[PDB]
Every structure is written in structure tokens, then in C-alpha cells.
């Protein structure tokens, strides 16, 4: 038996493998898709939320592996349907949707959600959208996967106006959202703690589907910040953090030791 998280959720033996929760997916109104535990609210718990923004041209289903993976850990994961998530607006609309649905008398989400534990994540233009959305006071932490910030609705003003800590992921072989042009400015302008991991040899497609080597670390990040999972702290924090000592990763950290 792994120790429970600080917010009362089950502990896990692997961040890269499925959690304990059976999952389902479906519409969350006309503008969003949800991946979530089939049963919400066991043990009187309220579920944290991850909001997702798709890459350019993509749909929620492009990332169904990663999104259902987080759902299996206990997260209610809501994806904006749009293939152009760059302004962050569609993603923040997801928070509005879940807020409404949580505050209803009855419904799937009625008094089942922890609105104080919302994070955001996305790929490419959706990673840019994550940074745009990450300015909002309701977004506690972000995880942009290979963000595209040099066009497609991005406003670089957002980068110095983040609400909470960022786990910036890039691939060193990403030629679509080149990290020098797209991620280095984000890191430099950030007003919050930033953990930047650049996965060695990773292309722009690594985040697709089950998100490959980004899956485990992104799960650790949200479990740490949204679930107070102590066991995840050592992935990011301390001099010899797991990412820091793993040669697959090139790490830069700002406001984190």
C-alpha cells in the first residue's frame, strides 16, 4: 500500500502506468470532451481537474492515451474540442463549464470537483494556449508540452503573468515548435517557478497519443501540485531530482532548487 496523497487520493507505484480508477470519456457540452473516473467522489473526495488544449489540427482523441491516463489517476480531465487553442479562451471556458456543473444541484459533476485544484496542459498551439490560460487565477499550475508561442493566437505578455508554477516540456529534435524560438523566451520571461525539461532526441510528435516519455513526469507534476503527492516531489525538487540526474533530460530550473 503506497501512502495516500495529501489531498486523500490513492498513492501509486508508477506515474507512467495507469492509476486505480476505471475511466470513461464523452462530451462535456458541445465545446469540450471529458476523460474522468467512471465513479466520482468515493471516500467523500473532490477531484482535481486538468484542462487540456490540443495541438494545431488535432482533436481530444489525438491525445486520448495521456488524457485517459490522467483520468485513471483520479483527475477529471477536460479537453477543449477546438483544433486552435492558442488564445487560451476555449480552455478557460472548460473551467467555466465544470464550475457550472459542480455548482448544480444534481448532475455528473455536482459537488464532485475540487475547483481549488485546477491545472492546465496542452501540446503545441495548445501549449501556447496553456500559457495564455495560465494567467488566470483559477489555474494553479501548468504543463505546456512543446508550446508554440511565435504565432497562432499567442501573446507573449502572458509569459510574465503566470498564476502558478510551470512544468515546461520540450523535445531537442522538435523542428515544428523549435525550443529556441518557442520555449526559451517563456522560460526567460516567467514570473513563477519554472521546471524546464528538454527530452533528448524527442520530436514534436512525442506528446501525441499516450505522450511517451512525457507521460510519467507530467503525471508526477500534477499529482504533486494538485494532489499533494509527496512521492512526486523528488522528480522535480532538490539538487539530485530524478529528472536532473537522468541523462535523457536537459533540465533548467528557475525558482526551484
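Numbering follows the first chain given and starts at 1.
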Compare the mean C-alpha B-factor of 15-23 with that of 245-253 as given in the PDB entry, and name the stretch with the higher value. 245-253
Can you let me know which of the two, 5-13 or 233-241, has the higher average C-alpha B-factor in the entry? 233-241
Name the one of 150, 169, 133, 85 with the greatest CA B-factor according to the PDB entry. 150
Among 219, 62, 31, 200, where is the Cα B factor highest in this entry? 200
Thinking about Cα B factors across the chain, which third does residue 209 belong to? middle
Would you mind ranking residue 144 by its C-alpha B-factor against the rest of the chain and naming the third, lowest, middle or highest? lowest
Record-listed C-alpha B factor of residue 73: chain third: lowest
Could you look up the Cα B-factor of residue 173 in the entry and say which third of the chain it sits in: lowest, middle or highest? highest
So, residue 115's CA B-factor, relative to its chain, sits in which third? The highest
